[PDB]
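Here you get one chain, nothing else, as structure tokens; it is the form deposited in one PDB entry.
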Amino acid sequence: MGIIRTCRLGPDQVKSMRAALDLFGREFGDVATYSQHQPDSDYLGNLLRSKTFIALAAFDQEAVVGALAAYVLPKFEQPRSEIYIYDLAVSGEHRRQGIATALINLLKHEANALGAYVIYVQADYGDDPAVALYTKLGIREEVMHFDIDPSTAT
């Protein structure tokens, strides 16, 4: 394996952001969701310009082989911030070489520069790689997640 470089994507890197989205679709087995309906370049540029969205990418020979998409939540109860990892994936043939760890490490540096005091993330049962990764790097709690449909508003 070659040198792996990581960086945070800016609005000048929409093309790499789309490559990261395509990586999510391949590694999550959901190409339609991540590749067939991507936002336009103005929208992705605006998201990448914002201080409350973070996209990190890992590169191998200038191809995206890992990606992490996170939100920064400025809190309402105190002037503090939390970072919420939404999606994280590493290309299958590049797995188990520390690339996800390097992306989370870069996210930690981003957190410290923002002053965010914690990073957190969710994983499903049966997602053994993600569970093993976040158990190594973090403290694990069992919780419940609920999805609510807005279209049934009354």
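Start at 1 and count along the sequence shown; that's the residue number. For the two forms, the rigid core is made up of the largest set of C-alpha atoms that agree within 1.5 Å on superposition.
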Self-check item: Higher-B stretch (mean Cα B-factor, as the entry records it), 66-74 or 46-54
Solution: 46-54
Practice problem: Read off the CA B-factors in the entry, average them over 84-92 and over 117-125, and name the higher stretch. | Solution: 117-125
Quiz item: From 144, 14, 21, 133, which pick has the Cα B-factor that tops the rest in the entry?
Solution: 144
Exercise. Name the one of 38, 97, 41, 105 with the greatest CA B-factor according to the PDB entry.
Key: 97
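From this point on, the text means the form deposited in another entry, which you will not see here.
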Self-check item: Residue from 123, 63, 31, 47 whose Cα, after superposing the rigid core, lies 2 Å or more away between this form and the one not shown
Solution: 123
Quiz prompt | Large Cα shift (2 Å or above) at residue 133 between this form and the one not shown, core-fitted | solution = yes
Quiz item: Are residue 34 and residue 129 closer or farther apart at their Cα atoms in the other entry than shown, with the shift being 3 Å or more?
Solution: closer
Exercise. Have a look at residue 98 and residue 128: in the other entry, are their Cα atoms closer together or farther apart than in this form, given the change is 3 Å or more?
Key: farther
